[PDB]
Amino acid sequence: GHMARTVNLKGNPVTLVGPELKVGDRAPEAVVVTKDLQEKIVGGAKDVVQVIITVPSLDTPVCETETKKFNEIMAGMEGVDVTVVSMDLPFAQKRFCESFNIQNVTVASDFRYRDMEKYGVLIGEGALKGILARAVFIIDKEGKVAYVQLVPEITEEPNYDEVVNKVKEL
């Protein structure tokens, strides 16, 4: 589960589109769109540690809960940029941020270029084909993947402490 080419959806296997990203690989750059329709680049090397969180949709229960959690857990932490990315259009994401006070993390949409396929989390089969799997990536300042967590079951939340602890050592 931690990292693989397949995940489960309600117990049924779902294959992901490659490539499978491994620790040590350069983090691909993803040109995503924020709620104000501006584009931003996640991935690559930055002067800060990056935490990229992918979710199927902010308009779904689990994803909503997860984003709220990371928004609270990463709050106040300096030296790190946290971005929750999904295929939701910026308009849905804007609505999400208006309904909930999200200010410790940035939500972004990958609808325009679908660059997250480069992270190996694009779902390749089933009802959710074309949507992103639930995963977490931590990128160091050298722009290398330092940590990967692919949640084995899409309907399940990730291990939050494993993520925070890795960010701390970086």
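Numbering starts at 1 and runs along the sequence shown.
Looking at mean Cα B-factors across 17 to 25 and 158 to 166, the upper value is held by 158 to 166. If you average the C-alpha B-factors over 44 to 52 and over 58 to 66, the higher value belongs to 58 to 66. Within the selection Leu128, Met116, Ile102, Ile138, the deposited Cα B-factor values reach their highest point at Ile102. The residue among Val84, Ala92, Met87, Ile73 whose C-alpha carries the highest B-factor in the deposited model is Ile73. In this PDB entry, the Cα temperature factor of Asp36 sits in the top third of its chain's modelled residues, the highest group.
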